[PDB]
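Engineer: 3D model of this:
(one chain, ligands or ions: 1)
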Amino acid sequence: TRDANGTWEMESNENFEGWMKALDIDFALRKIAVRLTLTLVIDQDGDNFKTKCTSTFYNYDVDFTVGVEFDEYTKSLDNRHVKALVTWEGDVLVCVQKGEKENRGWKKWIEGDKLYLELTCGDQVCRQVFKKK
Ligand SMILES: *C/C=C/c1ccc2c(c1)C(C)(C)c1cc(N(CC)CC)ccc1-2
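Structural biologist: Residues are numbered from 1 along each chain as shown. Have a look at this structure:
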């Protein structure tokens with residue numbers, strides 16, 4: 001479906017450290033990030049999205065409109081400027097972040113009460129699965 005609204009709890013997280021390493025996140029912060037519980041909160045109204053990723057320590061919040069490029073500064077992650085764009089490819093929500101890192105972005109598949117997320121950077125893919133709370 002195209003409705004991603006909800007509070008989403010992580011169930012699976014494959015190659016998180018490889019994806020973070022591809023982004024040049026410090027080895028110490030990677031250490032901590034792998035241990036934290038991650039909660040993904042999505043507020044969606046039409047083409048307007050507010051996405052909030054929260055853990056004990058760090059937060060990552062982004063707002064966007066589908067189909068409208070936006071400048072992004074990944075202040076709480078790898079601290080880079082990217083030109084981001086989120087679009088629908090069928091019922092897959094696709095984000096491309098143009099900038100230094102090649103093949104950067106993410107894709108979201110919503111299937112019932114499950115959310116599949118694939119984060120890409122360079123040649124690394126992190127695959128995550130969330131269940132709706
Ligand atoms: C549709 C989802 C997009 C998206 C953008 C940014 C991040 C995520 C999902 C998370 C939840 C996978 C995530 C986790 C982290 N941490 C360090 C690796 C823990 C807070 C940072 C940024 C994003």
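Engineer: Would you mark the buried spots in stretch 6-20?
Structural biologist: Residues of stretch 6-20 classed as buried by neighbour count (16 or more other Cβ atoms under 10 Å): 6, 8, 10, 13, 16-20. For the C-beta atoms, the positions are set from N, CA and C on the backbone; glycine is no exception.
Engineer: typed the wrong thing, it's stretch 106-126
Structural biologist: For stretch 106-126, a neighbour-count test (16+ other Cβ under 10 Å) marks 106-110, 115, 117-121, 124-126 as buried.
Engineer: Likewise for stretch 75-84?
Structural biologist: Buried residues in stretch 75-84 (16+ other Cβ under 10 Å): 78, 80, 82, 84.
Engineer: Kindly indicate whether the most far-flung residue of the chain relative to its centre is helix, strand or coil.
Structural biologist: Farthest-out residue of the chain from its mean C-alpha position, per Cα atoms, centre = their mean: residue 28, at 20.7 Å. Put simply, residue 28 is helix when judged by DSSP: H, G, I helix; E, B strand; the rest coil.
Engineer: still on that earlier bit, in helices, which of the buried residues of stretch 106-126 fall?
Structural biologist: With helices defined by DSSP state H, no entry of those lies inside them.
Engineer: what would the residues you listed look like in CSV with distance to residue 60?
Structural biologist: CSV is the format used below for the buried residues of stretch 106-126 (distance: Cβ to Cβ, whole Å):
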residue, distance to residue 60
106, 12
107, 17
108, 15
109, 20
110, 19
115, 16
117, 13
118, 17
119, 12
120, 16
121, 15
124, 18
125, 19
126, 14
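Engineer: the strands in this protein, which residues?
Structural biologist: 6-14, 39-45, 48-54, 59-65, 70-73, 81-89, 92-98, 105-111, 114-121, 124-132 (DSSP state E).
Engineer: Name the surrounding residues that touch the second one.
Structural biologist: This points to strand 39-45. Residues outside strand 39-45 that contact it (Cβ atoms under 8 Å, 6 or more residues apart in numbering): 3-10, 49-55, 115, 117, 130.
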